[PDB]
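One structure below.
Values below: all heavy atoms of this structure, side chains included; hydrogens, waters and symmetry mates excluded. Below, chains carry the letters A, B, ... as their sequence lines are ordered, and counting in each starts from 1.
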Protein chains: 2
Amino acid sequence: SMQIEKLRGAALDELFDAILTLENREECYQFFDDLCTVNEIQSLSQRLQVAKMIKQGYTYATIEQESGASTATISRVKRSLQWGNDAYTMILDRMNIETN
Amino acid sequence: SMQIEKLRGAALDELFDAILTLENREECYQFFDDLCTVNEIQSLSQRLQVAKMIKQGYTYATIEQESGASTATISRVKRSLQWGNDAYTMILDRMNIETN
C-alpha cells in the first residue's frame with residue numbers, strides 16, 4: 001500500500017534501473033544535475049539529512065538549525081520514518097551512520 | 001559550471017552515497033517512496049521518458065501523447081540534452097536502449 005504503487009509500471013521501472021546504473025558519486029552529480037533543478041536536489045538532500053539527524057537522536061530544534069530544513073519538511077520526514085517503508089533505515093544502516 | 005555546483009558539499013555527497021547503496025529495483029521503490037512524493041516521482045519518470053524518446057527520434061506530439069509531458073517539460077529536457085552533462089546518453093547506453 002505504498003503511495004508509489006499508483007505509478008508502478010515500465011517508465012518508473014526504467015527511471016529506477018537508470019539510477020541503479022550510476023557507479024560513482026560524480027556520475028550522480030552529472031545525472032541529477034541533468035534530471036533535476038537545483039531546488040529539487042536541495043530538497044532531497046535536506047530530507048535525507050533530517051532523517052539521518054532524527055536517527056542520530058537530535059532534537060527537532062537542532063535539526064532546523066543544522067540542516068536548514070523547514071518545520072514542514074521535518075514533519076513530512078517524521079511521518080515517513082514512522083509510517084513509511086523503513087527505507088531511510090535500510091540505507092543509513094548501509095552507510096554505517098551511527099544512529100542512536 | 002554545472003548548476004548543481006551551488007549545492008556541492010557533504011550533505012549532497014551523502015545523498016548520492018545513499019543512492020549508490022541501492023542494489024535492486026524494489027529497493028528504489030521503497031527508498032524513493034519514503035524520500036519523495038508521488039508527484040515528484042512522476043515528474044522525474046516523465047523527464048527520463050522524454051529524454052529517451054527524443055534520442056529515439058520521436059517528435060514532440062508523439063512524446064506529449066505517450067509520456068503525458070507538457071511542451072514546457074519537453075523543452076527543458078531538450079535543452080538539457082544539448083547543453084547539459086550528456087548524462088541521459090550515459091545511462092541509456094548502460095541500459096542498452098537503442099538511440100539515434
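Checking B:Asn96 against B:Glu98 by side-chain atom types alone, no donor-acceptor pair falls below 3.5 Å. Between the side chains of B:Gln3 and B:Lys6, a donor-acceptor pair is found at a separation under 3.5 Å. Side-chain N/O atoms of A:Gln49 and B:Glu14 include a donor and acceptor closer than 3.5 Å.
The backbone N or O of A:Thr71 lies less than 3.5 Å from a partner atom in the side chain of A:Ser75, making a donor-acceptor pair. B:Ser43 places a side-chain N or O within donor-acceptor distance of the main-chain N or O of B:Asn39, the cut-off being under 3.5 Å. With hydrogens and angles ignored, the 3.5 Å screen pairs a side-chain donor or acceptor of A:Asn24 with a backbone N or O of A:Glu27. With hydrogens and angles ignored, the 3.5 Å screen pairs no side-chain donor or acceptor of B:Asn85 with any backbone N or O of B:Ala87.
In this structure, CD1 on A:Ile19 lies 6.5 Å from CD1 on B:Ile19, to the nearest 0.5 angstrom. A distance of 13.5 Å separates CZ of A:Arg94 from CG of B:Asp17, quoted to the nearest 0.5 Å. Summarising the geometry, atom CG belonging to A:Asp34 is positioned 11.0 Å from atom CG belonging to B:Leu48; distances are rounded to the nearest 0.5 Å. A distance of 11.0 Å separates CG of A:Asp86 from CG of A:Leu92, quoted to the nearest 0.5 Å. Atom-to-atom distance recorded for A:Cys28:SG and A:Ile41:CD1 is 11.0 Å, nearest 0.5 angstrom. A distance of 4.5 Å separates CD1 of B:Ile63 from CD1 of B:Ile54, quoted to the nearest 0.5 Å.
Contact between B:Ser80 and B:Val77 at its shortest, heavy atoms only, is OG-O, 2.8 Å. When all heavy atoms are compared, the tightest approach of A:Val38 to B:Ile4 is CG2-N, 4.2 Å. In terms of heavy atoms, B:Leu15 sits closest to A:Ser45 at CD2-N, 3.9 Å. The minimum heavy-atom distance between A:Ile74 and A:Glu64, with the atom names listed, is CD1-CG, 3.4 Å. Nearest approach of A:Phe31 to A:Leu22, heavy atoms of both residues: CB-CD2, 3.8 Å. Across all non-hydrogen atoms, the minimal contact from A:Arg47 to B:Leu35 is NH1-O, 3.0 Å.
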Problem - Pair A:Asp93-A:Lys55, side chain to side chain contact (heavy atoms under 4.5 Å, CB included): steps then yes or no - result: CA-CA 10 Å; A:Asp93 285 351; A:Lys55 284 202 88 216; 3.5 Å; yes
Exercise for the section: For B:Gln56 and B:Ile97, run side chain to side chain contact (heavy atoms under 4.5 Å, CB included): C-alpha distance rounded to whole Å, both residues' side-chain angles, the deciding distance at 0.1 Å, then the answer. Expected result: CA-CA 9 Å; B:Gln56 290 169 325; B:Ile97 297 302; 3.7 Å; yes
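Applying the 6.0 Å contact sphere to CD of B:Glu26 captures more than 12 heavy atoms from other residues, nucleotides or ligands.
For A:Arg76 and B:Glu40, the salt-bridge test fails: no basic side-chain N is under 4.0 Å from an acidic carboxylate O. Between B:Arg8 and A:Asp33 there is no salt bridge, since none of the side-chain N atoms of the basic residue sits less than 4.0 Å from a carboxylate O of the acidic one.
The aromatic rings of A:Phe32 and B:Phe16 lie parallel to each other, with less than 30° between the two planes, well short of the 60° mark.
Relative to the six-membered ring of B:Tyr60, B:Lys78 misses at least one condition, a distance below 6.0 Å or an angle of at most 45° to the axis.
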